[PDB]
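Before any comments, here is the structure.
No lab work stands behind these numbers, since they all come straight from the coordinates. Here the Cβ positions follow ideal geometry from the backbone for every residue, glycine too, while neighbour counts run over all protein chains shown.
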Amino acid sequence: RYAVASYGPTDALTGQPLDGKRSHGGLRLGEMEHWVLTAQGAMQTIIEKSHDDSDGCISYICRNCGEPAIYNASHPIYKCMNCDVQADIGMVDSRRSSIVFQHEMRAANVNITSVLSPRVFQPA
Amino acid sequence: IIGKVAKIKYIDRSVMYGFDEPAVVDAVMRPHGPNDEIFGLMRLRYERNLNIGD
Amino acid sequence: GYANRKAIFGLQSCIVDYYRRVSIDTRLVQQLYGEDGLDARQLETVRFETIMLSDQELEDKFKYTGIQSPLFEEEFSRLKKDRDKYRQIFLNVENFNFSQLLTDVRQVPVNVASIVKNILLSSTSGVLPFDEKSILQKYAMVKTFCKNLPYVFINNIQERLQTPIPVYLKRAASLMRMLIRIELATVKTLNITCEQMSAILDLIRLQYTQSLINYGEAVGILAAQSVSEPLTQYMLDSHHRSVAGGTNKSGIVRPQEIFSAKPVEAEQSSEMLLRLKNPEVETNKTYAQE
Amino acid sequence: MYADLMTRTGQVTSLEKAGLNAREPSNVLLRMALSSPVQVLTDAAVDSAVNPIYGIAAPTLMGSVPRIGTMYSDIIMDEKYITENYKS
Amino acid sequence: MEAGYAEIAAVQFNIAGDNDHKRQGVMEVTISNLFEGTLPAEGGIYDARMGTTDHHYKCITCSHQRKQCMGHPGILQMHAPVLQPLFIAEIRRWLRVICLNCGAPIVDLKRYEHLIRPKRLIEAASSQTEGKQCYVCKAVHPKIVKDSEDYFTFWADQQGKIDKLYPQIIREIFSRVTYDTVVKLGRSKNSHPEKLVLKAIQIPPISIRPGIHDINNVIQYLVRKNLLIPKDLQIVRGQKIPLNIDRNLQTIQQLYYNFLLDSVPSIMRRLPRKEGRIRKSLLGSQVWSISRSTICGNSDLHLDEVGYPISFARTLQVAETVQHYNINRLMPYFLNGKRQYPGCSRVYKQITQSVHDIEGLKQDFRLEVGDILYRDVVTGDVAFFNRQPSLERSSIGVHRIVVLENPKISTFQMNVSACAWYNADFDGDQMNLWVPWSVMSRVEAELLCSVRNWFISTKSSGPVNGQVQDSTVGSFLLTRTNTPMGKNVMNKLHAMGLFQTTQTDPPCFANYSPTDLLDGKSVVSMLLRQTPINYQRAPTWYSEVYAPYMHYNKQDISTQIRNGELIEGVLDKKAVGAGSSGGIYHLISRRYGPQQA
Amino acid sequence: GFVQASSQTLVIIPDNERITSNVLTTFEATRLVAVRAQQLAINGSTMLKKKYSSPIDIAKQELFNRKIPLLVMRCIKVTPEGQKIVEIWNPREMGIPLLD
Amino acid sequence: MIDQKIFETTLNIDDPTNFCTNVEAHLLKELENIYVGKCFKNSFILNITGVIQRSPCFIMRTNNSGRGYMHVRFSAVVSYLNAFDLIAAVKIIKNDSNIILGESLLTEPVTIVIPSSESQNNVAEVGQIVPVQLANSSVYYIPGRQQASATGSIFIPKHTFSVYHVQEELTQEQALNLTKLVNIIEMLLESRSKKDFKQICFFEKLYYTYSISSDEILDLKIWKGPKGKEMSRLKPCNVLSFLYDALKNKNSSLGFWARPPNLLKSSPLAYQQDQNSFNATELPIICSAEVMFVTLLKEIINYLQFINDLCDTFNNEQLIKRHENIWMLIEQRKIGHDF
Ligand SMILES: [Mg+2]
Ligand SMILES: [Zn+2]
Ligand SMILES: [Zn+2]
């Protein structure tokens, strides 16, 4: 038997709980669990478990160049080291292991550019 | 269950009993390893009757 | 697990859109989900009574002769056309299969027969007197209901406006149109008042709306789960199946031949069913054996 | 659902990585998740592949949630109702 | 300045050259030293401008702590140009198409116009180009042979004359290719071959390589041996080079190849398999607030209920936001704390924006509108119930929690008729359970994922649940016409005793003397009157196989129910069994709902 | 290049030309109730008459009594000329699925 | 300068129910609290004039917060600072050997850091208010900052000028476009005319390239120029009247235009000739009427704003004497009448 917590030891790389009862970490909602939850349409449960309980975080992407931006509400930093004067930063909901995945792709000399969903406005 | 401090003033490299069912300390010894260095050996016992789920 | 993961990654992008179509981000996979637009959890097996009947038993049971109006000649004529079209389609399906026999039993969203039975049970009235005005009226209500039936797939705004219906949505209401004309025939609704007809028609439309597939349902994941699950019992067998060359049906060899789209040269259990031309040769077994 | 997917392009495609590349070539993230990311990633960078975010695998690899089920439709605030019935 | 809400609509992939690395890099790695005392050395491979991995210091670049910093890449300027490990094959194609002396194309561009863009270069390179002569500079194109001793070195074979195409030579060969040649060969303007040679490589952010990992040794060796190569080195085609320089150049390039593609520690080795990045971290997740235990049978629980041990109920919590409409309900949870059940563990105070334990709670503390109370799990809460492998979409279902107050019970308990949803049994199966604490997930749990929604199979369009093994033979015995001791009847006291556990509203037995005898079909009818259905099928009991050798009672082989009245026949697998299409509970579902069934 | 996609204009189909159903899907009703329950957990300001001790019951009763201050937007198409054709539906005028 | 600019943004809304009770008022308040007084999209926002276009309040879809968001297209009063512009009110805060940091006062907040050379630290002192000249593209609008970071130089009036050879006519639509600059110059002149004569006289005496004595520099109503022995046989013309007459199409605009330092920079006068008889040290640039007219019009606006900022900086003469070191530095950089 095992029940842990809303908190505990996490992995330094992925930011996710450690594996199993031995590490005093969490339990895995694996690939097949997400298939079942998607088949049920339960997307708020996926956000609760895969994002709020595993490693969900905030990512900042500059609108004009699609590259990761640097934002900090306290100690105000609103900057982007690709245009540096036209920065238009939006916050997108992500996971740490996904940002690690994108940094690893760029480490292999593959440029990852995120095209944000465009603004939409009522007519006139 | 085992107190262990490393000197740099000290860093607490201790071992905590991380189990949801309590135990009783059954045997403690400090034997000498292959490199003639002391290590701590602890034996913990659990009184296990049959119960639901066994 | 190997077949489950490959089936899910190939199908998970299939999602129901606001037209009840299945598409991959824009690209149609189905014009209508399941070709009927229904959820698989909202189906009932129901028998269609006219399928097996002959031309005389059909005219004995369903042709109404109480009123000598040309409407009931047309009502029965639509029963034969539905009967003939059902036979033609599913006899053809019997042709291009090994052992897929025709049936007079379908899975439908609404059991029209049980709805009529329940209301007849709760009716204070018993046998109604012959009211020719109401018999003609109930016929018009049912005929209008079937004509407006495909609007279940659009909305009540277009039903009020009577805008044109897409052809593929007329076809999706064909089994329910067919069933309603059998179970709400004049010979079967003589003890039903016009107020009780409105209750029946309103109940059918409500239960038909409740059986439609939801917008944005991951129906490709649903299919992969439903088709991969029986493969476990398929694999639990295969010491009950042939393993010889030319008839290898062990493990998951035939499923892999289908899902990998393997060419005919890579098929280990291929078969074919040849039907004789001459009917006299057909009955004789020595003719078939030679 | 199997047959309509496997025949939507006019040819019978498989449930292997070859059929996925035939049906959804530009979905690099879905194709990376299936079989072999390094090979799929190498061709995507060389071909300058644009990957629109749809389905389940592409949003998941990007750290997002699929627009499916309860997230298929957008909810907006009813301004004309709140002003006439609520107060600050 | 706030960052507005946004979503990623598309992702585009490109080859990263040197301008990309110089723009995106936040610092330049110049020294091979690791640490200055306790803090990372400025300019080293652990420089804090690339991110933080300790709790002591922040990231210099974004001024965040370890949890909120996603890392920032750095730059390492190579003294000698290097080839990109991931696109070596691509480089080969470009060396087989264009002229090495002028950069003009050799093959006929318009010959390959009828091909599609992603295949023009491949097909033009597949053709024979050795021995041809350029139409501009009039040069003979040699054979571009690939060295078999490594994955990156290329030789030029001009009729037996041997040259080694060093990365700088390849760079100068590629820099003469015009954009028109690139476009006519199918590639985009972003895929110019000049990008295929790196003079400045990207040092990945420290968030990728915590533990300041054997990948840091590869980077350290790469930086340390890069300094050996003279900064003013130049290579010309046909030039002789020393042995120490050649050993240094090959080892630097081998290290960079093994930094990215070693056995494909390397960057790309993290991706592929089931234990890799994509499948273990992205498509799955380790989560918090989840429990696992062996499952056990319990016939007193409803089908949509799960028995939950009290010890687990005081570990998993539900988040309650304090408002005016629930301040009175949540107060008893708050008072109990961790000293009595049902209590609470933590409170989130919206004033100071922090979480406080309930045993470290101040004297003047009180719940305020906007606080979040984390209370214990109580009976009636919803929980997701999961058995692996999750093969159907009923493999995860939402049950109502019944908390087991007995402290000596560690099992998840459920009704045996609920096992059909999970393909479970009680030989030692373990199941997962997590309780939704979020309001949005709690609404979704009870409106979408409740197990009444999977009473009818999605796969087969039939009922999943029913009687299994004890209420199947038990229903037969109850509705059987004759017992070995005469008619199958029971007195008023024993008929009343059948309903004393059903947890429904008891029927009325007032019109019964104590000596009155009730048969089993009358008692069953007293329960089916609430959901009157119609049923008429032969039971499983009647088999033509058994008919010659046993005498069937004619009242047992014809099961008929009329408006909830069991007129005759026995109830067994055909009528009441799990998975029985057209059965009693399939008919009750079709008329009264799957929760009524 | 121009990474930033151009802004879109929201084209609302007139109410008499809507093609989607007037009945809420179970997904849409669940989303409406979840969103409204979270809003009530933020504010608590409701026009519901009866008292309920949890945000979820207030949200369900508001949906059932046709008092929910939300609108459903069904995105029909994104035109490559910049238009975003959608349909706006009022859940207070819609059919409500079997949420039991 | 000041201008009208249109910005697009996305606002987060923590309380959508309360926010939607008064959408326009709440949107204005949030936009003013977020964007007023900062640098954003290569500009500096002063006031939020209005909201041209907005979206409905969408509910956030990728988290369980229940929070809303809205796309807003609004109009703002911005202040873009061009190259070689003239700021005439800056307070030196720091004077070190490395760099000299001052902050502008009369203009919208600009911090000017002069790269300190070996001839500056011995002159400038803390508390002194001096005019500065800007440089090319060095007005970096770092997003989220309260001011503009820009390099600057102590504005010693030059002795050079440029010659534009106009080969095209300034048609009606371009004249209507430049009518806004005409009106801006008219407003600047009417703001100049409200003062006491002495301060304009003294600041123009300081910042005129040459030395002119005993009240011969300014006729406010007619602008007849300085009456020094008729240096040129042609009277300098009016740019304003020339544009007003090109509106009615009575004049041609071809030929060689120049404004040598002998002219008053703030006055609408300029030199137009049918032959390249200008005594400049650079090659005349061939261009159309639009380029030349924009250049000279904006130069007139810049110098009128410069003189008005000098006027509004100092009203008493005690501060004039307290900064007299800069006065002597500018005075020595003049030329006598040895011509
Ligand atoms: Mg088992
Ligand atoms: Zn940017
Ligand atoms: Zn950082």
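Spread over its residues, the convex hull of the C-alpha atoms of chain C is 209 Å³ per residue. Under a 10 Å cutoff between Cα atoms, tell me which one of C:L222, C:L179, C:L79 has the largest fluctuation in the Gaussian network model of chain C. In the Gaussian network model the winner is C:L222. Say the cut-off is 20 Å between C-alpha atoms; which of A:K49/E:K408; G:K195/G:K221; D:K17/E:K274; E:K110/E:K164 go over it? Beyond 20 Å between Cα atoms: A:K49/E:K408; E:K110/E:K164. Put in order of Cβ neighbour count within 10 Å, fewest first, the listed residues C:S269, G:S253 become C:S269, G:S253. Normalised size of segment E:503-572, defined as Cα radius of gyration per 2.2 N^0.38 Å with N residues, equals 1.34.
Residues whose amide H lies under 5 Å from that of E:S450, counting only those 5 or more places away or on a different chain, are E:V398; hydrogens are built 1.01 Å from N in the peptide plane. Any idea what the relative contact order of chain A is, in percent, if you count C-alpha pairs under 8 Å spaced at least 6 apart? Once divided by the residue count of chain A, the mean separation gives 21 percent.
For segment A:51-124, a/c is less than 1.5, where a ≥ b ≥ c are the root eigenvalues of the C-alpha gyration tensor. That puts it in the rounded class.
Normalising the average separation of contacting C-alpha pairs (under 8 angstrom, six or more residues apart) by the number of residues puts the relative contact order of chain D at 17 percent.
Considering every Cα-Cα pair within chain E, what fraction, in whole percent, is farther apart than 44 Å? Result: 52 percent of Cα pairs exceed 44 Å. GNM on chain A, alpha-carbon springs under 10 angstrom: the most fluctuating residue among A:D52, A:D19, A:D84 is A:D84. Express in % the proportion of alpha carbon pairs of segment C:159-290 at distances exceeding 19 Å. Tail fraction, whole percent: 75. I want to check a number: in segment G:37-187, how many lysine pairs have alpha carbons closer than 29 Å, given a sequence separation of 8 or more or different chains? Count of close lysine pairs: 9. In segment A:1-74, the convex hull through the Cα atoms has an average projected area of 7.6 nm², a quarter of its surface area. Near the amide H of G:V163, within less than 5 Å, lie the amide hydrogens of G:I285, all on another chain or at least 5 residues away, with H placed in the peptide plane. By its C-alpha gyration tensor, with a ≥ b ≥ c as the square roots of the eigenvalues, how is segment E:481-597 shaped: rounded for a/c under 1.5, else prolate for a/b larger than b/c, else oblate? Oblate is the answer for segment E:481-597, as a/c is 1.5 or above yet b/c matches or exceeds a/b.
Over chain G, dividing the summed -39,500 (n - 2.57) contributions of all DSSP H runs of at least 4 residues by the number of residues returns a 222 nm mean residue ellipticity of -9000 deg cm²/dmol. Evaluated with a Cβ-only charge set (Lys, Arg +1; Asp, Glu -1), segment E:113-181 carries a dipole of roughly 200 debye about its Cα centre, given to the nearest 20. Remark on C:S211: its backbone amide H falls under 5 Å from none of the residues 5 or more positions apart or on other chains, H modelled at 1.01 Å from N. Pairs of Cα atoms in segment C:1-84 fall into 5 Å distance bins, from 0 up to the last occupied one, in shares of 3, 11, 13, 11, 10, 10, 9, 9, 9, 7, 4, 2, 1, 0 percent. For chain G, the Kirkwood estimate of the hydrodynamic radius, built from every pair of different alpha carbons, is 23.1 Å. Each helix, a run of at least 4 DSSP H residues, gives -39500 (n - 2.57); summed and divided by the residues of chain E, these come to -6000 deg cm²/dmol at 222 nm. The Cβ shell under 14 Å around C:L190 holds other residues with a net charge of +1, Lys and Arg each +1, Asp and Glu each -1.
Taking the alpha-carbon distance from C:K80 and a cut-off under 25 Å, which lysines remain once sequence neighbours fewer than 8 residues away in the same chain are dropped? Partners within reach: C:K61, C:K63, C:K117, C:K138, C:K143, C:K147, C:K170, C:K188.
Within 12 Å, Cβ to Cβ, of A:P118, how many net charges do the neighbouring residues add up to if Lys/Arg are +1 and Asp/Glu are -1? Once positives and negatives cancel, what remains is 0. In terms of its C-alpha gyration tensor, segment G:124-227 has an oblate overall shape, because the principal axis ratio a/c (a ≥ b ≥ c, square roots of the eigenvalues) is not below 1.5 and a/b does not outweigh b/c.
Note on segment C:238-290: the C-alpha convex hull projects to 5.5 nm² when averaged across all orientations. Restricted to Cα atoms, segment G:225-277 shows a radius of gyration and a Dmax of 11.8, 34 angstrom. Stick to Cα atoms and the Kirkwood definition of Rh, then tell me Rg/Rh for segment F:1-79. Rounded to two decimals, Rg over Rh is 1.11. Annotation: the residues E:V524, E:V489, sorted from fewest to most other C-beta atoms within 10 Å of their own C-beta, follow the order E:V489, E:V524.
The alpha-carbon positions of chain B define a convex hull whose volume is 126 Å³ per residue. Dimensions of segment E:205-288 based on its C-alpha atoms, expressed as ranges along the principal axes with the largest first, amount to 61, 26, 15 Å.
Rounded to whole Å and sorted largest first, what semi-axes of the equivalent ellipsoid does the C-alpha gyration tensor of the protein assembly as shown yield via the square root of 5 times each eigenvalue?
Output for the protein assembly as shown: semi-axes of 73, 42, 39 Å.
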